[PDB]
């Protein structure tokens, strides 16, 4: 099948570094420079062999045509009210970017408010964050170009959708919060740095500061409100309390669900916001998460995981702040994770729980925490919600593996609090009743039972003949819940596949203990859990090794790349998207320093010893058995992925091709595709999304010799 030659790639055999006595050679270290002629030539040479490989078979075109047809369905976000107007996002179907609409009433005619599509021919300029002023008359929005995390904040007067001159640069990983006096907005920015700041650079991001921008002024006049010069990795995000009296500063360092919480009673400022605020350091440590829900005077309600790994709601009175005095409003559930909480209609709390990786939604009384109403939902996820303290209604969006979903509306001024279907779209071409979703729990190596969702056509014989697509992430307290994917359903319908999602440790499915079970010294549990998921699918007859494809992105890319090295015999195909591959150097670039809370850092001998054992870049090794080769592998990255710098995938593919690709027994391809004007994934235009899934499934089809089923 391989009718191409892998590119020549220079090996710098002198690139040796000592890590606590262990000598590590990094012959492709030069690929860390994205601007060199050598790296640019490497990328061109790799794409030169990958593209024809993906496009040779007619199936890519068949898949692309089908994806373009089926993905073409109306996509709406929940309505949300700001001031006297309603807003909602809507994509007619194939627009590159969804459009923000506005209407003066639910029954009123909607009009385009912000259309990102006119900002670029290819849709590579996308909205990234926004904030309306408290009265809803002004609007701030971030724009990111080519998929970069960098943001430029622009402003508009809502009435007439008038563009304002205010522009904020150097914004990244930023909060956006307007003071209730309507004078300005808090946001975060990074100090100037040498080199580029467009997403192609690898420069580490440190010293993020909190600024206050007064509307109608130049950014140079912005007020510095908080900075942490002695702690370069701290990031402080601001939000205003619901009554506009306090600015709450949530300080994070790393990625664990914990934060310091400082507050500033704005009434107590000597002469408004003129400099560093009079911060009161309520919670001055990183021992727990304190997520603001609402306040009544000095009594603040926070969602927390402090000594509650499944989360709970507590009330902290600023006038009697000691922990021994905090009141538990809604106790922690023994197993269900309290995912998020919102306050609406003054005294109602909307609580969203995760029960065995499925969402539940309910309404509680703010004063007592008592359950008042349960909002019925089918098996799936709540992926959207609207309803702030002053609002008297809520909207929520539900989705699942087999249906785009439903947007519900509930008028909270009605005695019974009954919800109703507000919007429901169905995809013609896919019949949900033809498929089924089952949830099973399989034991991992250490006996821990791991959940796994499996989606397949009803009535299939479990004879191991089906191609399977197994997805996992496993980290950062992220729960992988049901979501609607037309691309995956095409694999099921048109490629006869079985879909599987394994809720391995490291995620947040069973709270902080689930998270801690897949990080630091225990990171291997993630890989073991995932490998065991594959073994379950094989043992139970859903698939066989040669027909199994695994996929993951970012930390999920690390997951599947590590699984390829550790158990090459278990998989037929591996698609690793924007993955962290160099575990010894990840902390050196952009925001990588934040991931040490999940992975550890190689500067530590203890951590290095964990990392070196699974780091994908450092564990590429020819399988010992003559009958075992590496699975077909496709790495997908982009030149503006500043979240996980592309050098990770560049160095990894060079290593795979040299160590494994040169072996005579290796007939499965080891390829990389580096896209342009794209980044980690957020904000990617529809056109690129379609091309990406077409590449993915065409790769699977060609490598596993799978015919298209019309």
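Positions refer to the first chain, counted from 1.
- Between the stretches 434 to 442 and 89 to 97, it is 434 to 442 that shows the larger average CA temperature factor.
- Judged by mean Cα B factor in the deposited record, 50 to 58 ranks above the other of 674 to 682 and 50 to 58.
- Residues shown: 259, 513, 220, 386. Highest C-alpha temperature factor in the entry: 220.
- Across the options 345, 281, 458, 82, the residue with the most elevated CA B-factor in the record is 458.
- Annotation for residue 689: C-alpha temperature factor in the middle third relative to the rest of the modelled chain, per the entry.
- Split the chain's modelled residues into thirds by C-alpha temperature factor. Residue 660 is in the middle one.
- Looking at the C-alpha B-factors along this chain, the one for residue 39 belongs to the lowest third.
- The entry lists a Cα temperature factor for residue 699 that places it in the middle third of the chain's modelled residues.
- When the modelled residues of the chain are ordered by C-alpha B-factor, residue 642 sits in the lowest third.
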